[PDB]
Protein chains: 2
Amino acid sequence: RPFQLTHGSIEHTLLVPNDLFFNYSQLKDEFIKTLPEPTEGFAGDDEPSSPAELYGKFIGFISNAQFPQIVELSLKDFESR
Amino acid sequence: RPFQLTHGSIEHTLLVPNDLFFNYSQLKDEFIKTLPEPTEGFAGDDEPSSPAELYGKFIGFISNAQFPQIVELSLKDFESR
């Protein structure tokens, strides 16, 4: 089932497995409140500005939350994508 | 558990079963990005403008996605409703 990270006018849709999507979403709910508001062409320094960058921030966020078997799965997902 | 399709100022709430709601929602996530913006009384031609019409578009969308046992279930749901 497809998963979609969203921020502003750019999104990164990736295919997570079926029996992970419940607790894959729990990391994204903690992720969207860590990002600032989209501002005038994404020129804020802490704000991501590419789908490779917005999914790049999410792969850094999920390593701070003690919840494995998603980090290395999204790591191999980052390399194949 | 109740399911709700939304677009604009009209919605169609329907009762899906318990053990379908996970992958019933995956079709709706692909559905909401196929509809345009609500415009001034729903007068766009590709835009639906009734709950019988907004659920009428969703029963057409899920036949393009190769994912049975929901199409004929929403078909009999369309007839009984």
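Chain letters run A, B, ... following the sequence lines, proteins first and then strands; every chain starts at 1. As a basis for the values below, the full set of heavy atoms in this structure was taken, side chains included, without hydrogen atoms, waters or symmetry mates.
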Review point. If you look at every heavy atom in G44(A) and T39(A), which pair is closest and at what distance?
Key: N-CG2, 4.3 Å

Check your understanding: When rounded to the nearest 0.5 angstrom, what is the spacing between CG in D77(B) and CD in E72(B)?
Key -> 12.0 Å

Exercise for review: Would you check if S74(B) and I62(B) make a side-chain contact, meaning some heavy-atom pair closer than 4.5 Å?
Suggested key: yes

Practice item. State the CZ-CG distance between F67(A) and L27(A), to the nearest 0.5 angstrom. Key: 6.0 Å

Exercise for review: Return the minimal non-hydrogen interatomic distance between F31(A) and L54(A), and the atom names on each side.
Suggested key: CZ-O, 4.0 Å

**Study point:** Heavy-atom side-chain proximity of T13(A) to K33(B) below 4.5 angstrom
**Key:** no

**Study point:** Single hit among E47(A), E37(A), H12(A) for side chain to side chain donor-acceptor pair (under 3.5 Å) with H7(A)
**Key:** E47(A)

Check your understanding: Is the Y24(A) ring parallel, tilted or perpendicular to the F58(A) ring (thresholds 30°, 60°)?
Key -> tilted

Check your understanding: What about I59(B) and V71(B), same hydrophobic cluster or not, with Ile/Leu/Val/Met/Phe/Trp/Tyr joined at side-chain heavy-atom distances under 4.5 Å?
Key -> yes

**Study point:** Pairwise side-chain contact, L5(B) with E11(B), heavy-atom cut-off 4.5 Å (strictly under)
**Key:** no

Exercise for review: Mind telling me whether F3(A) and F21(A) have parallel, tilted or perpendicular rings, with 30° and 60° as the class edges?
Suggested key: perpendicular

**Study point:** Heavy-atom pair with the smallest gap, counting every atom of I70(B) and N23(B)
**Key:** CD1-OD1, 4.4 Å

Exercise for review: Could you tell me whether the side chain of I10(A) reaches within less than 4.5 Å of the side chain of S50(A), counting heavy atoms only?
Suggested key: no

Review point. If every non-hydrogen atom of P38(A) is compared with every non-hydrogen atom of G8(A), which pair is closest and at what distance?
Key: CG-CA, 3.8 Å

Point to revise | Minimum heavy-atom distance between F42(B) and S49(B), given as atom pair plus value | key: CB-CB, 3.6 Å

**Study point:** Any side-chain heavy-atom pair of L14(B) and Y55(B) under 4.5 Å
**Key:** yes

Revision key, fill the gap. Here the gap from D29(B) atom CG to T34(B) atom OG1, rounded to the nearest 0.5 Å, amounts to 11.0 Å

**Study point:** Heavy-atom closest contact (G60(B) atom, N64(B) atom, distance)
**Key:** O-ND2, 3.6 Å

